[PDB]
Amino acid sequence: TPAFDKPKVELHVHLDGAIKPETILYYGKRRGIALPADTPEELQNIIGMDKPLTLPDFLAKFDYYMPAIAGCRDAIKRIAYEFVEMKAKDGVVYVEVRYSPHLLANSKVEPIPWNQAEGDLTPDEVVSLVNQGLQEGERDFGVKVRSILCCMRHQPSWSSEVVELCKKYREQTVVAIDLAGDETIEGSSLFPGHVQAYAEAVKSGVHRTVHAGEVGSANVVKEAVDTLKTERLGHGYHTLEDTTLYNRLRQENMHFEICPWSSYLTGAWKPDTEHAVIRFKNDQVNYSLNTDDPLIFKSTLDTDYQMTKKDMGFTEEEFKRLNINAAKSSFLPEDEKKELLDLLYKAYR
């Protein structure tokens, strides 16, 4: 019934769109914040979409619930532990999971998100708290888990507190820096706070990932590669608009973090046309399959493989190939990965 019953790797999914309805009220309703609702069953259908909204429709979704968990310590650790638990029900042996500390914070961060007031919920406490619930999740649900912390494009002021959090919490449990948010902002990749954060990353050996080529042209993908020095791309569908960049990522073994079901609802991929991942799969690309914002997309990893089985023709050696290139591209330290790759060869034949 589920498209591909075997174990899985996932590398692109955001904490703060992978929170449950239910604990959206429990913190919501405890905290009064208060929502479009009071059933734990109909947040879901409002802050979950069915069809391609726009950018502002989309960010406004964050506005109802985010203010219910950010700010409250209890809920930062809650959503950590509960996240691990979804991945095991999805049949995932390794997940890298991501988020911005700033967006959980309530103290120590200009500007203050989600309209909230002051506080003592620090950015650094947020990372502390997330690590926790992540770890109790590896031990309870038996998924191995690392995190990535996420620069916001519009906010290059944060970025250096970012790379530094990434060296503070190194291995316990953060493996990488990300860049995200809205790739529309002209020359965002190239803001000095973004560039120096990634340079520092290189200096002190944090890994690197970048969201690019999703709603954004190929030149944003070339700046992620050549200036920011990433080792993998968040999405990168626009790489195909630029063939020489292509042939070279293809020659370089770049890994692309695909969200196919995300690519519909966001507008990244058009209904009429070519699917980026079919092409990437006719060309034997280094890519992976990924959920992204499962709240907001009303979905599970099975949504994604279903789609790919049930339209774009995926055999199941695809499925296996792609989960192999995924733990190959992972940001596990070198023993750890060989160990993961083991698990998966055992399971796959």
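Numbers follow the displayed sequence, beginning with 1. Think of the rigid core as the biggest set of C-alphas that the two forms share within 1.5 Å after superposition.
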- prompt: When the other structures are laid on this one by the rigid core, do the CA atoms of 252-260 or of 269-277 sit farther away in 6 other deposited structures of this protein?
  reply: 269-277
query: Comparing 94-102 with 262-270, which stretch shows the greater average C-alpha B-factor in the deposited entry?
result: 262-270
query: Is the mean CA B factor in the deposited entry higher across 209-217 or across 116-124?
result: 116-124
task: Name the residue from 70, 59, 324, 289 with the greatest C-alpha temperature factor listed in the entry.
output: 70
- prompt: Looking at 279, 154, 167, 77, which has the biggest Cα B factor in the entry?
  reply: 77
statement: Among the modelled residues of its chain, the C-alpha B-factor of residue 10 falls in the third labelled lowest
- prompt: For residue 86, does the deposited CA B-factor place it in the lowest, middle or highest third of the chain?
  reply: middle
message: Ranking the modelled residues of this chain by C-alpha B-factor as given in the entry, is residue 178 in the lowest, middle or highest third?
response: lowest
- prompt: Thinking about Cα B factors across the chain, which third does residue 160 belong to?
  reply: middle
- request: Determine, from the deposited record, the chain-internal third of the Cα B-factor for residue 242: lowest, middle or highest.
  value: middle
